[PDB]
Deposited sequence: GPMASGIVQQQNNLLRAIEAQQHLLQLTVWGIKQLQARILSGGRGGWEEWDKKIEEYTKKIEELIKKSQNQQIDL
């Protein structure tokens, strides 16, 4: 039971990690399309993207560190 729960936590984190890598790709796609515009809130959007990207990366790192905190 205890090992199964831990194993499930490990599985969930990996799904989250894979979700994030999948998020990184979607962000690239939007920024690539936005770069075509030569002629509106993107500068604030850019900062929020950087904001939550870092926050997620820390939470993933924190989750990884928790695996050895027993």
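J.: Report the unmodelled segments of the deposited sequence as residue ranges counted from 1.
T.: Residues missing from the model, as numbered along the full deposited sequence, span 1-2, 42-44.
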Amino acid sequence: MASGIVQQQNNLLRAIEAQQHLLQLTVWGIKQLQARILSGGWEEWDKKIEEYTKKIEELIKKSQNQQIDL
From here on, numbers count along this sequence of modelled residues.
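J.: Going by the mean C-alpha B-factor recorded in the entry, which is higher: 12-20 or 43-51?
T.: 43-51 has the higher mean C-alpha B-factor.
J.: Taking the values exactly as deposited, rank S63 by C-alpha B-factor within its chain and report the matching third: lowest, middle or highest.
T.: It falls in the bottom third of the chain.
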